[PDB]
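Before any questions on how it binds or moves, here is one chain, the form deposited in one PDB entry, in structure tokens.
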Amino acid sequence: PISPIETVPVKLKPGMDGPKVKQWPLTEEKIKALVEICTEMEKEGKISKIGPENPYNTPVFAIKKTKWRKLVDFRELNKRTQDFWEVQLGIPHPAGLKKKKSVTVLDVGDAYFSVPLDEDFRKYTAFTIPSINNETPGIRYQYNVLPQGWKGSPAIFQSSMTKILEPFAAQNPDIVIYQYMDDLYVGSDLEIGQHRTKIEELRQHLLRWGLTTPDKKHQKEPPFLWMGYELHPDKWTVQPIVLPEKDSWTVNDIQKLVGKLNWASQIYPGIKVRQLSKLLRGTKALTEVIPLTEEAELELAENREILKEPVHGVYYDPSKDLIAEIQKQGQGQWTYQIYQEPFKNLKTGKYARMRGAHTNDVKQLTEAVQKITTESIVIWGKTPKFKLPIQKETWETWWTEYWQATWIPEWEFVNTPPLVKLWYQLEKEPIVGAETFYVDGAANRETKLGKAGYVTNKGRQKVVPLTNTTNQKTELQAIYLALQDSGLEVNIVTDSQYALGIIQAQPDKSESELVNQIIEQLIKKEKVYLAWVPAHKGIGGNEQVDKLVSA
């Protein structure tokens, strides 16, 4: 328990002083329990009794289950102590763990109480044990070690543990020690004999620095239930995922459901959550019951089918290559596997998009490659080679013409449909022999009524009326009109920067029904050229359609 470790210095935040929080009374059955606990902790150096000079006090409580435990409320002191370098906010991912012959799990007991607490900072931990009915002054006590529930303890313990391990690691440079809260995980490829030896020797090193470690009879055994995972000597998978069945669905219930599914998706290939999360767009209230859509019902039912099957992932070998394969898995949903030898997956994942109202497949595929490249560096420190269902000509045509800069990595074509394809492609030059439609639309911003019209060079003209619309949507409806009323080749001329931008981006899927209709039309056309002219400049064709639609 006690320890010759050096102490980390601690300050309160500048211009603050220590906490003086008055102590609430106790049932005096617990007041007896605290006295026994405090006298034990005193005898082990964990705390010391203090005089009246100490003005600070932090509330102390007591609580039972079999046995009792002391609980201190450091919330006031925590608010007042300096900041620390936050301890690791992530955990290692099993798909990144390197395979190892033998692995041992050591928990360290009373870990915090084993590490000393900076001397000048001890006064601000003072607590007080109450005397029955204020019949006498209480007992003053302060901490000498890292108190449980204080802000500094997780970081000071961790840095302490690192330094303590350092000499042992220098002398045994071929055994791996992951460190994670009050745990150590030790692996080696030594003969299970010598491995069991080296472990016992490291236990002894830790005990010299005051860290109790479990006996061979008490060291946990595989499979390991760790952070929602199940680790096996040669494979890993998640812990069982139980999706509730319910007739009414609360917002809080939907959040808990997307989370559970998200967790399953890292090894259960195929999971989808796009429609389920669309529901959650109403973050308004957590109890407000959201009526499940019919797309959401289909999604959930498909997830339940896959969850019924069991599945597992493997561990990482740095000598074998790293490969990522991606498949189209719905409308705007994508799924991927990462592996080193086929069917022996390290892990899986998904990619849906909230990028904007309209996108297309090639852009989404590129966005997915990006997400994987980020993930692989975090997990293995390198990028995979990619196996993708798209041909070089499809992708090269897209990235050369795309206004944004993209980096496409090492990849190869895989002939497993659905393939990623450009459904249509606008012309670059006007079309000879094709009718030229001059379109325009308009709306009254108050009355919210409007009209879409065209005028062509063969003398045809048309106006179609529009109710409950906006100026932007009518400029799109004019475009849609011209595709409807044209032959298989058409030139269109628009005044609308909005509408030009949206079509020049060659979307193939949209949140808007109108854009989805235009997309249906653009596919069936042999050739479409779209051209822009500035509005209200009397160009020729725009002026007429404007006069026709505007008044």
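Start at 1 with the first residue shown and count on from there. Take the two forms, superpose them, and find the largest set of C-alpha atoms that agree within 1.5 Å; that set is the rigid core.
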Looking at the deposited sequence, how many residues between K65 and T66 were given no coordinates in the entry: none, 1 to 3, 4 to 9, or 10 or more?
1 to 3
Comparing 402 to 410 with 370 to 378, the higher average Cα temperature factor in the PDB entry belongs to 402 to 410
Would you tell me which stretch averages the higher CA B-factor in the PDB entry, 67 to 75 or 416 to 424?
67 to 75
So if I compare the CA B-factors in the entry for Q337, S160, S265, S248, which one is the largest?
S248
Just to confirm, going by the entry's C-alpha B-factors, which of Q255, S153, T394, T436 comes out highest?
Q255
Can you tell me which third, lowest, middle or highest, the CA B-factor of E489 falls into for its chain?
lowest
Assert third(CA B-factor, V8) within chain per record equals lowest
Is the Cα B-factor recorded for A535 in the lowest, middle or highest third of its chain?
middle
CA B-factor ranking of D317, expressed as a third of its chain
middle
How does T27 rank on Cα B-factor within its chain, lowest, middle or highest third?
highest
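Just so it is clear, the following notes concern the form deposited in another entry, a form of the same protein that is not shown.
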Mobile residue between the shown form and the other one, C-alpha criterion 2 Å or more, rigid core, from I177, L422, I323, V251
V251
Once the core is aligned, does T287 move its Cα by at least 2 Å between the shown form and the other one?
yes
For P214, state whether the C-alpha moves by 2 Å or more between the shown form and the other one after rigid core superposition.
yes
Did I192 shift 2 Å or more between the shown form and the other one, C-alpha, core superposed:
yes
